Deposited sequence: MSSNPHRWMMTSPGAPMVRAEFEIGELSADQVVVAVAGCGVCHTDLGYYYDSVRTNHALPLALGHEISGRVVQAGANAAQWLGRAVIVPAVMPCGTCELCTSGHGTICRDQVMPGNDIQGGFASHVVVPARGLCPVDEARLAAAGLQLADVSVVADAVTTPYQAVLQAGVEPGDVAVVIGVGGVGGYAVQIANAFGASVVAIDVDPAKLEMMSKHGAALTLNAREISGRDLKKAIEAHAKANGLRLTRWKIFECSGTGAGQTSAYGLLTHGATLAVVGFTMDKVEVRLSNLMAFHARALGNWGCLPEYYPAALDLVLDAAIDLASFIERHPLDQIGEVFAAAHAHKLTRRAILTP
């Protein structure tokens, strides 16, 4: 009857099942009954890399949540009974930076600032919730649990592609085609680009070959120079621009960043999507010679969640080949498998 969460008591300690009572809600809170929560590099950071959470321990992680609003504060009652995706990052929506949001000084994330989605239920602010059309979901052969990874995994690269002005005629180049990079490929394709997938993993390439990558390049097989000349071949074959390439570093490695920076051409955009604390060695002045720009992406404004979901509902992109469902009570095994890079798809924990 009572809900439960699986919490981190300490980084690397076994996750502990903990019942909790909802009680009275504040005016602008809802309870979502969790269908699914994605397992993210950000969660593994808290657990394995002991990254500080803003909420004190113990804390349930998980910030990629779909489910149903089953209880609501008086101001949020219009959410009752509706299928939703919770935004991974909720800007204050009231500060001058939100008025004019991704960097909002008062932005809040589940599984960091408040109790997360590795739970039967999660209490979240109602601001920025994305409704799911349940008819359209069912048609597409998708569970409500499946669209959990629209939060962050789809929306982060959606924001990055939109911000880079990816348009028909363009070559899009994405480095690191697991997780976020996989969706950068699918979305750049949907936006009208001819996409080049670059990864060290042949299986990832094979997969992206079937879902929007017009070209694949194994970065193990091929140094900086062959990389460029292979993409120009692709461009000239299909009558595509040889300038103004839209490059997305999605691996979040120094190796990927060196490799992406290496592929700058005249008027190109380099989108920095993958987070790492690693420093690279680059000559900043390459940006000058190419009259190029480097655009830093942080997450995704909630306002874009409906459009990203729309891509999924309409089969313009595919989630199903990129997700795998596990029991929430196997969170330990899944965390351990994701950390050892044993997972070939994004894990969704399901109560």
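(message) Relative to the deposited sequence, which regions have no modelled C-alpha positions in the structure?
(response) 1-2, 103-104 are the stretches of the deposited chain that have no C-alpha coordinates in the structure.
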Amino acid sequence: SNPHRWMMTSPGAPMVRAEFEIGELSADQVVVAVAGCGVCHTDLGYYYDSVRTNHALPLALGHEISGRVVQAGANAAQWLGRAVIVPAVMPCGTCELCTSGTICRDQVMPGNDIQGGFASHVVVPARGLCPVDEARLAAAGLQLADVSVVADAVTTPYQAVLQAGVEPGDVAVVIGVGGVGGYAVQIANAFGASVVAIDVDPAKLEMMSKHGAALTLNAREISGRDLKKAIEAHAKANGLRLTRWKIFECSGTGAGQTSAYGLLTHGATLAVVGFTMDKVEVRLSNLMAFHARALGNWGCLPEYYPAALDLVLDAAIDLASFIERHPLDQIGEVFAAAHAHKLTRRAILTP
From here on, numbers count along this sequence of modelled residues.
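(request) Could you settle it for me: does 301-309 or 279-287 have the higher average Cα B factor in the PDB entry? (result) Comparing averages over the C-alpha atoms only gives 279-287.
(request) May I ask you to compare 328-336 and 18-26 by their mean CA B factor in the entry and name the higher one? (result) Per the PDB entry, the higher value belongs to 18-26.
(message) If I read the C-alpha B-factors straight from the PDB entry, which of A164, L137, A197, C250 is highest?
(response) That would be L137, according to the entry.
(message) For the CA B factor values reported in this entry, which option in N238, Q71, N112, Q186 has the top one?
(response) Out of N238, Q71, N112, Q186, the record gives the largest C-alpha B-factor to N238.
(message) Per the entry's values, where does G212 land by CA temperature factor relative to the rest of its chain, in the lowest, middle or highest third?
(response) It falls in the top third of the chain.
(request) Report the third (lowest, middle or highest) to which the CA temperature factor of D152 belongs, ranking only the modelled residues of the same chain. (result) Within its chain, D152 is a lowest-third residue by C-alpha B-factor, going by the deposited values.
(message) Split into thirds by Cα B-factor across the chain's modelled residues, where does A292 land: lowest, middle or highest?
(response) CA B-factor rank for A292: middle third.
(request) Grab the CA temperature factor for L144 from the record and place it in the lowest, middle or highest third of its chain. (result) Middle third.
(request) Divide the modelled residues of the chain into thirds by Cα B-factor and specify which third, lowest, middle or highest, holds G267. (result) As the PDB entry reports it, the C-alpha B-factor of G267 lands in the middle third of its chain.
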